[PDB]
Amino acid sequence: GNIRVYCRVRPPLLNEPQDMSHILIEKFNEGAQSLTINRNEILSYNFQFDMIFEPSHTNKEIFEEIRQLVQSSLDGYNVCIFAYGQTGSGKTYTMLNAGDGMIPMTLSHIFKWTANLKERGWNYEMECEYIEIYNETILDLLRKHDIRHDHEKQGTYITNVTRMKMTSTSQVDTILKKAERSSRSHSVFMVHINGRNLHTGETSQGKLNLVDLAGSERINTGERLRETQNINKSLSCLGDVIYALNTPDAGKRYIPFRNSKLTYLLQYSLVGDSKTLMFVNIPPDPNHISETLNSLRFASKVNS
């Protein structure tokens, strides 16, 4: 299916080092955008992405870049957007920032398009789930949960997880607001979209899966050592799955969906017609350069 990788370099916070000269972002070159990281010991690293957002690029500017993507979920597509990176790099800000976030923007633009489509005779019914995966166990944020797949109807649900009907842009916003560990867990906001055209009888089923990933950094008590092993293996698994789905021979490959809760849960949104987008968030601070490079490698591997 379709996979795209955007890199976002966030701007320095007030108390952080302010110098970005170690990061060089080329203008978009007609077919990838490149960035290079220089570390002075002088080592150069280069990476290619579908798009690179600079410290000056706003949430609203970025959403214009994913708008067609998330809109395609009313067109019968399953869509996954992931935000990946080191703790502090801007994952949650990108996805959740109030009124600005990919999640708030997508929800708004969804209701607008939905309302819009009544003119064509379309009636859409929407539900959301919001869950978090911590140590490969599932927590329902809208409150035992198991993942149940129907291979014939290509669909998925989690047992005993509240699924709330979505009414207004206002009403949806309250659910989010209402709902360190979070730095260590994956948070997954899902929007189930079913529609039918009153005049035509035409049916539409689509999905949005918006994911704020556990932080990717690698550690150096044993409850923490285990936790950090789950996280690292969960992230690797996600990377292996996306990479394998991208190969030209993918239909001939084993895809290890079953190796983590996130990939198992999302399997039918990762496959077939599905569209996937991954943000790599990176901090500007040269003090974090090695974690930054790990992040960049992870995402480029997936991209390739």
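Counting begins at 1, following the sequence as shown.
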query: Residues of the deposited sequence that sit between residue 221 and residue 220 yet are not modelled; finding: 4 to 9
query: Size class of the missing deposited segment between residue 165 and residue 166; finding: none
query: Mean C-alpha B-factor comparison - 56 to 64 and 273 to 281, higher one; finding: 56 to 64
query: Stretch with the greater mean C-alpha B-factor as recorded in the entry, comparing 245 to 253 against 46 to 54; finding: 245 to 253
query: Selection from 83, 133, 208, 179 [criterion: highest C-alpha temperature factor in the record]; finding: 179
query: Residue, from 234, 169, 97, 72, that the PDB entry assigns the highest Cα B-factor; finding: 169
query: For residue 104, the third of its chain into which the C-alpha B factor falls; finding: middle
query: Chain thirds of CA B-factor: placement of residue 116; finding: highest
query: Ranked C-alpha temperature factor of residue 41 among modelled chain residues, by third; finding: highest
query: Among modelled residues of the same chain, the CA temperature factor third for residue 195; finding: highest
query: Residue 34 - which third its CA temperature factor falls in, relative to the rest of the chain; finding: middle
